[PDB]
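Neighbour counts are summed over all protein chains in view; Cβ atoms, including those assigned to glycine, are modelled from backbone coordinates with ideal geometry. Derivation of every value follows stated rules applied to the coordinates shown; laboratory data play no part.
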Amino acid sequence: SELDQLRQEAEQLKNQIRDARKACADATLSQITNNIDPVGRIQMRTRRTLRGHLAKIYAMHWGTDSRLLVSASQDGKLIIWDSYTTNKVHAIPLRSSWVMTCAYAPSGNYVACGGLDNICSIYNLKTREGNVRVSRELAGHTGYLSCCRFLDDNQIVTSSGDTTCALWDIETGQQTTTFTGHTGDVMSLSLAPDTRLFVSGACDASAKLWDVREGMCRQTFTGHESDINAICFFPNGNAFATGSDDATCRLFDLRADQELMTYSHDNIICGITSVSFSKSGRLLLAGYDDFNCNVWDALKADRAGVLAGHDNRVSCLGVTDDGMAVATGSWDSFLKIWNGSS
Amino acid sequence: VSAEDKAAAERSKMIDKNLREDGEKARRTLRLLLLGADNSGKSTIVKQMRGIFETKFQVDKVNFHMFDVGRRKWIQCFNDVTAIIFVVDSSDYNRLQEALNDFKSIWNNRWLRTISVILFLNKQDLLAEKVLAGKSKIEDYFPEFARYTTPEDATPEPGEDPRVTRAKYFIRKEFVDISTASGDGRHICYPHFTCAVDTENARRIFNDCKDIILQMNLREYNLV
Amino acid sequence: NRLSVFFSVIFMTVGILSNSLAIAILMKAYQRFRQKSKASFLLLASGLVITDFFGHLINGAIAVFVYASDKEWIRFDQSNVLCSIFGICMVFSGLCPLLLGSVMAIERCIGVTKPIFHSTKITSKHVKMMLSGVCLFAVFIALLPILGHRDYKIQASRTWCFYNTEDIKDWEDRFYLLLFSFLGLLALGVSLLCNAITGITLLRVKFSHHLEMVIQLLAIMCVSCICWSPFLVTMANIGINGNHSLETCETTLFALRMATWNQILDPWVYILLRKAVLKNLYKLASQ
Amino acid sequence: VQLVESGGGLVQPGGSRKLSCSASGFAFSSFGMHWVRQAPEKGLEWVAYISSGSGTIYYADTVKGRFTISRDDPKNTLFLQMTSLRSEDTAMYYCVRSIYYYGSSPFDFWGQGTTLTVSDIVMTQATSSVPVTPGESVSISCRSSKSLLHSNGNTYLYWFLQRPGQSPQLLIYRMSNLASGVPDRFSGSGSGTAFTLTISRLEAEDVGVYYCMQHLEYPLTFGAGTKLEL
Amino acid sequence: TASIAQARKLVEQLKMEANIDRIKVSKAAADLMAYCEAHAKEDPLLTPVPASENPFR
Ligand SMILES: O=C(O)CCC/C=C\C[C@@H]1[C@@H](CC[C@@H](O)CCc2ccccc2)[C@H](O)C[C@@H]1O
């Protein structure tokens, strides 16, 4: 009786939201950006090849200096690279080799990683002893760790396969806030530039916008037909892009609370693993299962170019803070640094 | 290149040397993935031979490292294991169709297309007793079992009841039928009949892994 | 009569094209297989095809130069530097493919008979060391007459330089002929022994890719022995019987050209004449 | 982090002596090691360098052929074998650790030193002494014969402070970066061949001798040193 | 009473999401287009820099 009545009210509320989104869907992003000129052909060359990983690379993250990056592989090795010289700055042996994510602290003093061990391990890069040591192990997730991102040296946000995201206090080792509401494994998260909000994509084909301080879900974004694997905030924080296994990328708007554009091609039938934006946000770069990285025009939904330099799945990618280069990691155990030439 | 850059580059080469030394050490062991249902009894298979549970056992001076995670997302991590040890409980007729669908997902997974499955049809003693009692009928769950006959080329074990032999080959055929429906030789299923006291499981994995590695080499020698 | 300019050009052209074609396929295929395993066969097969590529190039260019110079060795090689260089290249271009083929036979015999030992114990460094050690050993044998105060002499055809075979008197002069023939026969014998063991094991195990590999092994054994034995026996006959042997210039020259076709057919019988490769070449031709 | 030197003492001219440097509290095998000596009432002088992994070894010209530097990583001991000792070798020998990667701070820790008694880019610090008062800003100037700015953007200039009775301490590395544990009042500014160390709000602890060292190339050379007195 | 407790929570969440202020899609699209135009010049991937200014020559 009461349960049946309540679940009918949820359907009415869903229709109310759907009508509300349709009310503000006066125009389409495609119509708005029809007049602007295309970005042309985007040609990027492999400037650097980072060799030394002996297994599948699962994650990479640039440091804020746009020169150092950390990559994670399932050989149980965290490696910090000097991208300018390809020198290896550090090689961190992982207690659990089944790592799936890695994060570089914005200060550059810490890196984080974690995988099927359900632990987010914090590593101190600046010690008087001259070696990298574990400073914290963040326990509390009941599923694998899929993504992690620092807010500062003391706060980090992690997404897990136990359908929840958590905000952690690194000094005390306790999760101050738990973000619940996803019905599937959360595969990725992206922080807003002001670090007051973050979006997460799960395997329930939905993206949720979370308030860090308040700790609740502000908006829910649906429209994908399969698991979401990647998510990335727009550089101004008012939009984000997702990548799913249905071979499509979608651009959702926070304030309009709906999808604005879909990035798919008929030839593309493979899943998407990673997404990122260029510094101005005009380009959306996505890594694919078909061994390629497609550069999309975010505004016009045009495939601007292709990065074809890997012999296995493109598992991760990232764009530097200064926008100078993009790194691609792959299951073929190599990392490549790309940028164009005049 | 400055004086500090040379010292930095020399540090990088010392890192690269230890990266290769650890990689070669990791290749000296064969990695196995243990899968199965709750009633499979895969733990008992491991214990007799001996978030992630790991066990190391050695057969003829060869080290095996088997991982029992205790799933379409994290199964991609084990994309480069030597073999998958999929265990089922053949006695429980009710959950056999669940195991067949579970096996079908693993076999047809996009990230396990080159991973051979070492099937372990566990708890054969219970299956033999269940058929002997006759209280439960396999035909109730599988209608096609009533029209199935033991192959003439079959080689039953000595002292084995023909009723049990007909049942065992039917259950094995269902898994083999899934295996032979796709793959085209990229991966091969290696079914086995094991019980709760069998102590030859480790050697069966070792012998099957020799064929899995040999099949890997033959593709290298031929697909050039 | 039996010797002509076009004889060396055709052998060089087919050898260069066949080796260059196999090099491209080996490079693309290695990246595919380096992820699954160390791909020891692909490394060795790449070294063999590269070594044969230079053999048809370095020795082919010198041979064409001699033919173009009207075979005037005295007029244009007074210092005898070219013949010394020519002799070293010929020994390297003939003893390295024999030794490399004998190592692939051993390498693939271990991989088939003991796949676990090959996969775990043998590392990529061992394969590169074996590939480097074989190439260096061929160079060392090639340079042995130079370090032994001897020199390579112009053969009867006056088109290729090699060990002196006419009127050998000193025991050191006949020792080099025996050493080259013994190494060629020992490498040939080891190749047959290991290929036969691999072929027998595959047939026993088979009774998917077993029959395709067996045809490859039989084709390797036939080409390796038919092409090289007429030359290895000729050197052994001259090394033992000396000038008393009825080894005419025509017999020695013909046996040389058979041994050349082993390097021409190495890319095909090892790489190109494969079911997967032919489909790729067929698709490439259509496109 | 500790670096203890031993083996020094009075030796006859032309003799031999073995200096040891035992390291504790840090990963010794990860750091390159230098020997730096200081003649009595004189400035610092670099002696030798051995890299991490013992693959690279450098010597000063005045000691090359007579000194041998070696390390024992399992025992965390640094050695300096000296032969044909001259009266010019009478100095206090310091054991210095230095690790080299992007953003590292070489020459960050110095040992207490051991005393030995026997019976090229030019770095200039013209101002030998500077009278100072507490709370007042002080600037120290350094000059180099060659430009220390490399094509990679780094300027390999270092600043050290040796308080009376104490071993030198790193203040500024690569001409601008502030070493760990150093107050922010110290600031390093430079360009090309001219460099300035500014000390705002001078305190009693800042009193001492200041040395500027170049690390552009070997041999590493020190300035004469500028002494601060009240 | 697990299902009835979850139903109240799910309904309560949908109320919060339905009470937010939504701007027009044309307004939201223009803001994204405006940001790309304003920051276009400082995007090296969109407009490649001269080789002298490229750290990855
Ligand atoms: O004058 C005539 O016609 C004959 C003589 C020409 C001169 C050189 C032959 C060349 C061939 C050598 C290939 C390479 O593999 C060495 C083989 C070999 C080594 C050692 C002992 C026996 C044989 C190339 O193919 C092109 C060219 O023909």
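Below are the figures for this structure:
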| read-out | value |
| --- | --- |
| Stokes-Einstein diffusion coefficient of region C:93-167, Kirkwood radius over Cα pairs, 37 °C, 0.692 mPa s, in µm²/s | 220 |
| J(HN,Hα) series, region A:149-161, from Karplus relation 6.51 cos²θ - 1.76 cosθ + 1.60, nearest Hz, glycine and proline x | 8, 6, 8, 7, 5, 10, 10, 9, 10, 10, 10, 10, x |
| Other-chain or far-sequence residues with amide H under 5 Å of residue B:57's (modelled H) | B:64, B:66 |
| Modelled FRET efficiency - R0 25 Å, residue C:250 with residue C:229, Cβ distances, 0.05 increments | 0.90 |
| Residue range of chain A that is longest and free of GluC sites (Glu not before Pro) which are both DSSP loop and sparsely packed (at most 11 other C-beta within 10 Å) | A:1-170 |
| Virtual spin-label span in nm between residue B:177 and residue D:191, 7 Å along Cα→Cβ | 8.5 |
| Distance between modelled label sites at residue E:2 and residue A:134, nm, 7 Å Cα→Cβ extension | 3.3 |
| Distance-filtered residues of region A:40-72 - backbone nitrogen under 16 Å, label point 7 angstrom along residue E:51 Cα→Cβ | A:44-48 |
| Rounded FRET efficiency, nearest 0.05, which uses the C-beta distance separating residue B:132 from residue B:6 and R0 of 60 Å | 0.15 |
| Out-of-range pairs (alpha-carbon distance over 29 Å; input B:13/C:38; A:56/D:75; B:17/C:28; D:64/D:227) | A:56/D:75; D:64/D:227 |
| Expected-Rg normalisation [2.2 N^0.38 Å, Cα atoms] applied to chain E | 2.26 |
| Separation between Cα centres of region A:91-124 and region C:57-133, rounded to whole Å | 49 |
| Overall dimensions of chain A by Cα: Rg and Dmax, Å | 19.8, 69 |
| Helical contribution to [θ] at 222 nm, DSSP H n ≥ 4, -39,500 (n - 2.57), averaged over chain C, rounded to 500 | -27500 deg cm²/dmol |
| Rg to Rh, two decimals, where region D:77-230 supplies the alpha carbon set and Rh follows Kirkwood | 0.97 |
| Computed over the protein assembly as shown, Cα set: Rg, Dmax in Å | 36.6, 115 |
| Efficiency of FRET between residue C:151 and residue D:4 - r from beta-carbon atoms, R0 60 angstrom, step 0.05 | 0.35 |
| Point-to-point label distance, residue B:211-residue D:41, nm (Cα→Cβ direction, 7 Å offset) | 9.0 |
